[PDB]
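Here's a solo chain for you in structure tokens, the form deposited in one PDB entry.
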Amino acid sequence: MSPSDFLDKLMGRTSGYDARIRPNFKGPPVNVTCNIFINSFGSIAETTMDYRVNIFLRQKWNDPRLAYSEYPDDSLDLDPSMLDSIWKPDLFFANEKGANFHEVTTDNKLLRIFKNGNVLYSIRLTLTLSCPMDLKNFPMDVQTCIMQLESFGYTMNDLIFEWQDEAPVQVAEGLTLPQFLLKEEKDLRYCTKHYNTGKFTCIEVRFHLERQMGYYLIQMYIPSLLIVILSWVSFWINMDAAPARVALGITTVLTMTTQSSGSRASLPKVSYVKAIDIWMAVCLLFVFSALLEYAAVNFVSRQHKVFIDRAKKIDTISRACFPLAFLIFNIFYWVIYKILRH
């Protein structure tokens, strides 16, 4: 029979289908099974506390008013232009700050109706999602980015969100992030929002992202190491060259302070100490201790023979003491920041 007649004889003014009424209006709640395909992932900015994701959101639910038997097709596709005429769940994202559809040539939507009344509804979304980040252990950190799918208008007695049993979250093949490694396992949990209006259904998925240390080794750790070794260079210069030793120590301290200021250039104004802050503070303490050691040597050496050999002994002990103490600090630091993360 004519495919144009089936579209408005299954549903519409002739059949009496109402898009403002639930599939089971007075009875059990409608169960919507959701799954997501992550087309792209990235744009994780720590300053704005959010990340941008592109997903295909798939909702499956049973509508007994859309069941058909006379058509010989088991499952049939639709056009998106009639999606304003069917009932759809009022899903929304609790943590999103800005989102939009895609209309790039047509509406990026998919509708399938099965013979028993099963409805599959796939849509393409671009979400900017707020992520509360614990910026302690900041270079060696694992962040947890959440996604909450919630019903804005329907109480738990009317509508219930569930995750699909097989393949709840699937990721595009070859999807890589420039700054993180997205773990294979994704954690599903049942969030549930209680307000003064009622009890609303909610499903939460959280992703675990590990930051890579290559950029922070190249940018922050290795130049700070070179600044500390540059401070160690001062212990091999002779005693009586006051402008050389003082200028070296001053420039070392000022560059260390500039690097400590610039290490938090792309970070929010958090008020707890981080791993990179502790590293910068200890390196600044080391270069300041080197300059104070030279000040002690120069004060001792002008106290006039015993002063000369004592001030030479200070440099001799310092030459083997500063790299040894910094090596002990490096060993302890890298051990305790490679053990607490598990």
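Numbering starts at 1 and runs along the sequence shown. Only the largest set of C-alpha atoms that superpose within 1.5 Å between the two forms is called the rigid core.
Below: the form deposited in another entry, not depicted.
Here the two forms are overlaid on the core, and between the shown form and the other one the C-alpha of 268 is the only one among 153, 268, 80, 117 to shift by 2 Å or more. Taking 2 Å as the criterion, residue 203 does not count as shifted between the shown form and the other one: its C-alpha moves by less than this amount when the rigid core is aligned. The Cα shift for residue 130 between the shown form and the other one, taken after rigid core superposition, is smaller than 2 angstroms. For residue 24, the Cα coordinates differ by under 2 angstroms between the shown form and the other one after the core has been superposed.
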